[PDB]
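The chain below stands alone, shown as structure tokens; this is the form deposited without the partner chain.
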């Protein structure tokens, strides 16, 4: 692809983070802690899952960023509306304000309703995310495989400002401790 010149510097918003997440000083990395991280609760924190939002809000234009997922067994990535549900159980779907892909149990899937199987020959170590607000597009790219296309959501009805969206996943197996990292431009 040729989306790299729309690169944006994303940082994580601590106030939205599940209370078990550890965000680095530079707000560019996040991982699952082994316990509650000693923060007060608030109406913005994701309660049920190890999720966090980017600080940046997008309402126009073209945006691109990259995320490192090296040696993770489970994660979700994409964008979401600023007004997505934070508390309780919910599915990741465009109806609920999410445009995401994930890894789970050795398969990759797009967060449509119902979910869509992805066809990835080269397991990615870094994912590129492109948003075209005006066109209603969210696309995902396999940076490990020379930028090959993973998935495009088109005809998106964003219906609000968008925020970068992350889920580091649970670590029940002991094999999913590794962080999500925002990669440098």
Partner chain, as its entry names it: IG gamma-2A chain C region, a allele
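Residue numbers count along the first chain shown, from 1.
Omitted from view is the form deposited with the partner chain bound, to which the following refers.
Proximity of residue 79 to the partner chain in the bound PDB entry falls outside the 4.5 Å heavy atom cutoff. Though the partner is left out of this view, residue 15 does not reach within 4.5 Å of the partner chain in the bound PDB entry, counting heavy atoms only. Contact check for residue 51: a heavy atom falls within 4.5 Å of the partner chain in the bound PDB entry. Contact between residue 91 and the partner chain in the bound PDB entry is found at the 4.5 Å heavy atom cutoff. The partner is absent here, but in the bound PDB entry a heavy atom of 34, alone among 41, 34, 26, 155, sits within 4.5 Å of the partner chain. Checking 145-153, 26-34, 64-72, 124-132 against the partner chain in the bound PDB entry, the stretch whose residues place heavy atoms within 4.5 Å of it is 26-34.
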